[PDB]
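A.B. asks: Chains as they are written, first to last, in the entry's author numbering: chain A, 209 to 493, 499 to 516; chain B, 209 to 493, 499 to 516. Virtual Cβ for every residue (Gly too), placed ideally from N, Cα, C. Encoded as structure tokens, here's the structure I'll be asking about.
There are 2 protein chains.
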Amino acid sequence: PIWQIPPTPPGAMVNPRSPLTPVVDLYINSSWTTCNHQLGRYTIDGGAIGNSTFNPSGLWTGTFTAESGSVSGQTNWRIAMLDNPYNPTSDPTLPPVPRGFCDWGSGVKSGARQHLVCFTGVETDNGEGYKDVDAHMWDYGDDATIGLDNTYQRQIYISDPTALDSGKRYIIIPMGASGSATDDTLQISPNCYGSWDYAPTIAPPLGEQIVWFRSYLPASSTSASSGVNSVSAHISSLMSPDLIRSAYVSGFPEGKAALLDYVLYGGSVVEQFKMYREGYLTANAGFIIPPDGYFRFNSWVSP
Amino acid sequence: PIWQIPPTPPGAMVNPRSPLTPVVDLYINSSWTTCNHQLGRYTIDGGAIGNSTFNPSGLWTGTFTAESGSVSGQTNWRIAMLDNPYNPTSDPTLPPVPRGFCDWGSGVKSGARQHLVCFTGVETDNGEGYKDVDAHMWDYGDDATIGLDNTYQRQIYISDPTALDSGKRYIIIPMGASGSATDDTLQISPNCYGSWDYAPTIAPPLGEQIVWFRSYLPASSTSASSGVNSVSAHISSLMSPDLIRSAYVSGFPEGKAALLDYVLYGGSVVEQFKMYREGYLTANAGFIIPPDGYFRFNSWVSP
Ligand SMILES: CC(=O)N[C@H]1[C@@H](O[C@H]2[C@@H](O)[C@@H](CO)O[C@H](O)[C@@H]2O[C@@H]2O[C@@H](C)[C@@H](O)[C@@H](O)[C@@H]2O)O[C@H](CO)[C@H](O)[C@@H]1O
Ligand SMILES: CC(=O)N[C@H]1[C@@H](O[C@H]2[C@@H](O)[C@@H](CO)O[C@H](O)[C@@H]2O[C@@H]2O[C@@H](C)[C@@H](O)[C@@H](O)[C@@H]2O)O[C@H](CO)[C@H](O)[C@@H]1O
């Protein structure tokens with residue numbers, strides 16, 4: 209059975225790990241030989257494994273509740289707890305965090321060094337919406353204990369000169385990274401522990417690399433005393449749903465990979481890629502490929 | 209030529225007219241017998257007609273430039289021009305506004321009662337990104353001439369108590385509607401005319417209705433003397449790209465429509481819709502259908 213791939217350029221696809229920013233390049237790096245992400249992982253057989261979705265934009269915004277306190281030492285870091293509608297009762301066999309929430313990495317207990325940014329507003333006391341939405345810095349855990357600093361839990365802390373209102377609900381739309389956060393710290397993701405079904409960490413076969421659908425993430429700061437010192441950066445994914453949702457019509461034959469041709473201009477230059485059934489695609493071998506081109510189904514090869 | 213529709217529920221699809229908020233219902237109304245929208249227009253043959261796109265979230269954010277001026281009387285309304293990076297030659301045969309920008313209606317010669325809201329922030333001095341991004345009431349045109357009030361051009365006005373910086377670029381993320389905006393004023397789209405290729409206004413055959421893929425839009429206001437007075441509303445579309453993207457394997461036979469079965473409640477209940485070649489769906493001759506079901510291909514019928 210042959211596979212028909214529509215001629216959709218990579219520049220017209222969604223970025224699962226960072227919507228609202230179009231794809232700019234295809235990035236291959238020789239220093240990145242693993243992937244422990246939770247968003248953007250798909251499988252031919254199992255569908256959307258891990259904590260991903262087929263509607264990244266719909267589930268990108270979340271809500272949380274203040275807990276009337278602050279972390280020890282730093283009085284500006286108000287503690288708060290994420291709100292999860294998909295798992296009302298805290299059943300250990302289901303993921304704690306809401307579906308589709310971000311997982312960008314920040315550091316092994318990193319404070320002054322770097323943080324992340326978001327939009328945040330209190331409830332309107334009317335049930336209709338929110339008020340006074342502005343930028344703030346946030347992070348997972350409390351950056352004090354090793355057991356829950358990078359643990360992908362439902363407890364976070366947010367910087368605010370004033371004090372949060374206890375028992376009220378706030379909205380979160382995370383967009384930006386602050387402090388000293390480079391590309392490497394964002395590439396890695398916080399660890400996860402428990403008994404729920406989370407996506408494992410893959411590794412490429414010896415002698416191959418991985419495409420990363422790289423994008424560009426700009427900055428958003430605040431001109432005020434102790435404001436938000438943030439910087440521009442880049443963000444990467446593994447696979448977008450648009451490319452892989454086509455294969456469901458005719459699944460991969462047992463123990464077989466696909467050979468793909470990427471055509472840039474006319475027929476002058478053609479690149480050869482290999483797609484596996486576990487989600488990632490490889491390239492034999499470090500540079501950047503332009504995003505204007507179309508994919509082609511060549512043949513089936515053995516892994 | 210058979211059509212095989214994957215069992216994706218409508219609750220896991222994107223809303224072209226308003227990303228960042230999932231679809232909650234399927235809405236049919238007897239007072240809406242036309243559609244002059246510019247976002248969400250798709251066809252079997254021409255692909256994305258009008259100003260539509262297959263990546264709604266990528267092109268949702270825009271930018272504009274201030275012009276150092278104000279409308280007569282209401283100085284608070286500073287004029288500005290949208291920035292276009294696809295027709296950088298102001299060619300009349302190409303669309304003026306950028307792809308994927310908002311087209312919510314707000315009324316005719318009437319801005320002492322209603323307005324639209326957007327996240328606006330000024331540029332920094334390093335190219336890193338934007339800064340001090342906050343909510344701002346905005347609208348099309350200048351509310352003075354009949355030919356430039358609701359005309360879908362690249363000139364807008366934004367309310368700001370302070371003075372805008374001339375020649376600086378600002379970012380726009382439209383999210384919310386304020387004042388006295390109800391659902392009827394948002395359903396109608398601003399009129400467009402000229403020489404460029406725009407999408408026409410369709411009408412259903414007599415004896416049928418339209419399914420609208422409706423979604424809920426919350427409110428975001430500001431606590432200040434001349435602050436934002438936003439309201440909660442609903443936003444409807446015509447068709448999401450996920451449903452039409454599959455039909456491209458085998459196009460519809462000439463002069464023929466399709467019958468689709470909507471199966472909910474474990475099959476117990478099943479609805480019957482008719483899908484045409486232009487993009488819209490028709491239901492026999499007013500309520501809300503739940504969003505827990507999957508579409509099923511029944512057969513081909515004559516229109
Ligand atoms: C989260 C918080 O409350 N402060 C950030 C802030 O850094 C602070 C910090 O550097 C202290 C001393 O270390 O001095 C200032 O408060 C500083 O604020 C930042 O630096 C000044 C110069 C301004 O740029 C100000 O706008 C800015 O907020 O950011 C650093 C990043 O290194 C840390 O993240 C602190 O937690
Ligand atoms: C765009 C602008 O500057 N003002 C809006 C505002 O209405 C004004 C208006 O009603 C005038 C007199 O008509 O009186 C106030 O300024 C009023 O402001 C609004 O009402 C007060 C109580 C606050 O809520 C304020 O934040 C709010 O702006 O909204 C109306 C819609 O009714 C128009 O949009 C005006 O242009």
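Along the chain, where does the alpha helix (DSSP H) containing residue 494 of chain A start, and where does it finish?
C.D. replies: Gap in chain A between 493 and 499; residue 494 of chain A lies inside it and carries no coordinates.
A.B. asks: Would A:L267 be called buried (16 or more neighbouring beta carbons within 10 Å of its own) or exposed?
C.D. replies: One-based indexing of the first sequence puts residue 267 of chain A at position 59. That one is buried.
A.B. asks: I'd like the span of the alpha helix (DSSP H) that includes A:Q395, first residue to last.
C.D. replies: Numbered from its first residue, the first sequence carries residue 395 of chain A at position 187. Here the alpha helix (DSSP H) through A:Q395 covers 391-395.
A.B. asks: Is B:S386 near ligand 2, judged by its Cβ being under 8 angstroms from some heavy atom?
C.D. replies: Taking the first residue of the second sequence as position 1, residue 386 of chain B is located at position 178. Under cutoff, so the answer is yes.
A.B. asks: Alpha carbon to alpha carbon, what distance is there between A:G219 and B:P293?
C.D. replies: For this step, residue 293 of chain B is matched to residue 85 along the second sequence. For this step, residue 219 of chain A is matched to residue 11 along the first sequence. The straight-line gap from Cα to Cα measures roughly 15 angstroms.
A.B. asks: For A:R286, verify whether its CB is less than 8 angstroms away from any heavy atom of ligand 1.
C.D. replies: As a first step, residue 286 of chain A is located in the first sequence; it is residue number 78 there, counting from the start. Incorrect: A:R286 has no Cβ contact closer than 8 angstroms to ligand 1.
A.B. asks: On a CA-only basis, which of A:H344, A:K339, A:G337 is nearest B:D340? Give me that one, please.
C.D. replies: On the second sequence, residue 340 of chain B is found 132 positions in, with the first residue counted as 1. Taking only the C-alpha atoms, the option nearest B:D340 is A:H344.
A.B. asks: In or out: A:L414 buried (at least 16 other Cβ within 10 Å) or exposed?
C.D. replies: Start at 1 with the first residue of the first sequence, and residue 414 of chain A comes out as number 206. Per the 10 Å Cβ criterion, exposed.
A.B. asks: Using a Cβ-Cβ cut-off of less than 8 angstroms, list which residues of the stretch 337-358 of chain B approach chain A; keep chain order.
C.D. replies: Of all residues in the stretch 337-358 of chain B, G337, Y338, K339, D340, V341, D342, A343 have a Cβ within less than 8 angstroms of some Cβ in chain A.
A.B. asks: Taking 8 angstroms as the cut-off, does the CB of A:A320 come closer than this to any heavy atom belonging to ligand 4?
C.D. replies: Only ligand 1 and ligand 2 can be found as ligands here, which leaves ligand 4 out of the picture.
A.B. asks: Comparing C-alpha positions only, which one of A:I354, A:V305, A:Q282 sits nearest to A:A320?
C.D. replies: By 1-based counting over the first sequence, the position of residue 320 of chain A is 112. The shortest C-alpha separation from A:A320 is found at A:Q282.
A.B. asks: Starting from B:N492, follow its DSSP beta bridges and name the residues at the other end.
C.D. replies: Taking the first residue of the second sequence as position 1, residue 492 of chain B is located at position 284. Bridge partners of B:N492: B:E416.
A.B. asks: By the criterion of Cβ-Cβ separation under 8 angstroms, what are the contact partners of B:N263 in chain A?
C.D. replies: Numbered from 1 along the second sequence, position 55 holds the residue referred to as residue 263 of chain B. In chain order: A220, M221, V222, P230.
A.B. asks: Would you mind reading off the limits of the alpha helix (DSSP H) that contains B:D405?
C.D. replies: What you label residue 405 of chain B is simply residue 197 of the second sequence in a count that begins at 1. Taken as a continuous stretch (DSSP letters only), B:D405 belongs to no alpha helix (DSSP H), as it is neither H nor E.
A.B. asks: Quick one: grab the DSSP three-state call for A:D450.
C.D. replies: On the first sequence, residue 450 of chain A is found 242 positions in, with the first residue counted as 1. Note: A:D450 maps to helix in three-state DSSP.
A.B. asks: Give the secondary structure of B:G255 by DSSP, where H, G and I count as helix, E and B as strand, and everything else as coil.
C.D. replies: Position 47 of the second sequence holds residue 255 of chain B. The answer is strand: DSSP assigns B:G255 an E or B state.
A.B. asks: Whose CA, out of B:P461, B:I396, B:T430, lies closest to the CA of B:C326?
C.D. replies: If you number the second sequence from 1, residue 326 of chain B lands on position 118. With distances taken between Cα atoms, B:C326 lies closest to B:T430.
A.B. asks: Could one say the Cβ of B:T269 lies closer than 9 angstroms to chain A's Cβ atoms, at least one of them?
C.D. replies: In the second sequence, counting from the first residue as 1, residue 269 of chain B sits at position 61. Judged by the 9 angstroms Cβ criterion, B:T269 is in contact with chain A.
A.B. asks: For B:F481, report the span of its beta strand (DSSP E) as first-last.
C.D. replies: Locating residue 481 of chain B in the second sequence gives position 273, counting from the first residue. Start and end: 477-483.
A.B. asks: Using a Cβ-Cβ distance cut-off of 9 angstroms, determine whether B:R453 contacts chain A.
C.D. replies: Translated into positions along the second sequence, residue 453 of chain B becomes position 245. It does; some Cβ of chain A falls within 9 angstroms.
A.B. asks: Less than 8 angstroms between the CB atoms is what I'm expecting for B:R249 and B:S260, so what's the real figure, rounded?
C.D. replies: For the purposes of this step, residue 249 of chain B is taken as the residue at position 41 of the second sequence. For the purposes of this step, residue 260 of chain B is taken as the residue at position 52 of the second sequence. With 8 angstroms as the limit, B:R249 and B:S260 qualify as a contact, their Cβ atoms being about 5 angstroms apart.
A.B. asks: Report the rounded CA-to-CA distance for B:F500 versus B:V477, giving the unit in angstroms.
C.D. replies: The residue you call residue 500 of chain B lines up with position 287 of the second sequence. The residue you call residue 477 of chain B lines up with position 269 of the second sequence. Computed Cα separation, rounded: 16 angstroms.
A.B. asks: Three Cβ pairs or more, each shorter than 8 angstroms: is that satisfied between the stretch 306-320 of chain A and the stretch 384-397 of chain A?
C.D. replies: In short, these stretches touch, since the Cβ pair count reaches three.
A.B. asks: Provide the residue(s) that pair with A:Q322 in DSSP beta bridges, ordered along the chain.
C.D. replies: Working through the first sequence from its first residue, we reach residue 322 of chain A at position 114. Answer is A:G387, bridged to A:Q322.
A.B. asks: Does the distance from the CB of B:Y338 to the CB of A:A427 come in under 9 angstroms?
C.D. replies: To locate residue 338 of chain B, count along the second sequence from 1; it is residue 130. To locate residue 427 of chain A, count along the first sequence from 1; it is residue 219. In this structure, A:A427 lies closer than 9 angstroms to B:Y338 by Cβ.
A.B. asks: Quick one: what's A:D469 bridged to in DSSP?
C.D. replies: Locating residue 469 of chain A in the first sequence gives position 261, counting from the first residue. Answer is A:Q480, A:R509, bridged to A:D469.
A.B. asks: Buried or exposed: which applies to B:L356, given that a residue is buried once 16 or more other Cβ atoms fall within 10 Å of its Cβ?
C.D. replies: Along the second sequence, read from residue 1 onward, the residue named residue 356 of chain B stands at position 148. Exposed.
A.B. asks: Could you tell me how far apart the beta carbons of A:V419 and A:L234 are, in whole angstroms, since I believe they sit closer than 8 angstroms?
C.D. replies: Against the first sequence, residue 419 of chain A aligns to sequence position 211. Against the first sequence, residue 234 of chain A aligns to sequence position 26. With 8 angstroms as the limit, A:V419 and A:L234 qualify as a contact, their Cβ atoms being about 5 angstroms apart.
A.B. asks: Only counting the same chain, and skipping five residues up and downstream in sequence, which positions put a Cβ closer than 6 angstroms to that of A:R485?
C.D. replies: Within the first sequence, the letter at position 277 stands for residue 485 of chain A. Taken in chain order, the residues that qualify are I252, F460.
A.B. asks: Use the C-beta contact count for B:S438: other C-beta atoms within 10 angstroms, 16 or more gives buried, fewer gives exposed.
C.D. replies: Translated into positions along the second sequence, residue 438 of chain B becomes position 230. The residue is buried, with at least 16 neighbouring Cβ atoms inside 10 Å.
A.B. asks: Count the other C-beta atoms from every protein chain shown that fall within 10 angstroms of the C-beta of B:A493, then say buried if there are 16 or more, exposed otherwise.
C.D. replies: The count along the second sequence starts at 1 and reaches residue 493 of chain B at position 285. When all chains shown are included, B:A493 counts as exposed.
A.B. asks: Please list the terminal residues of the continuous beta strand (DSSP E) segment that includes A:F272.
C.D. replies: The sequence position of residue 272 of chain A within the first sequence is 64, counting from 1. From DSSP, the beta strand (DSSP E) with A:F272 extends over 270-278.
A.B. asks: Smallest Cα separation from A:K482: which of A:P516, A:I443, A:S458?
C.D. replies: Walking along the first sequence from the start, residue 482 of chain A turns up at place 274. If we check each option's Cα against that of A:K482, A:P516 comes out closest.
A.B. asks: Taking just the CA atoms, how far does A:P304 sit from B:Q246?
C.D. replies: The count along the second sequence starts at 1 and reaches residue 246 of chain B at position 38. The count along the first sequence starts at 1 and reaches residue 304 of chain A at position 96. Approximately 40 angstroms between the Cα atoms of the pair.
A.B. asks: Could you name the residues of chain B that A:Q480 contacts, counting a contact when the two beta carbons are closer than 8 angstroms?
C.D. replies: In the first sequence, the residue the question calls residue 480 of chain A occupies position 272. Under the 8 angstroms cutoff, chain B gives no residues; its nearest Cβ is about 26 angstroms from A:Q480.
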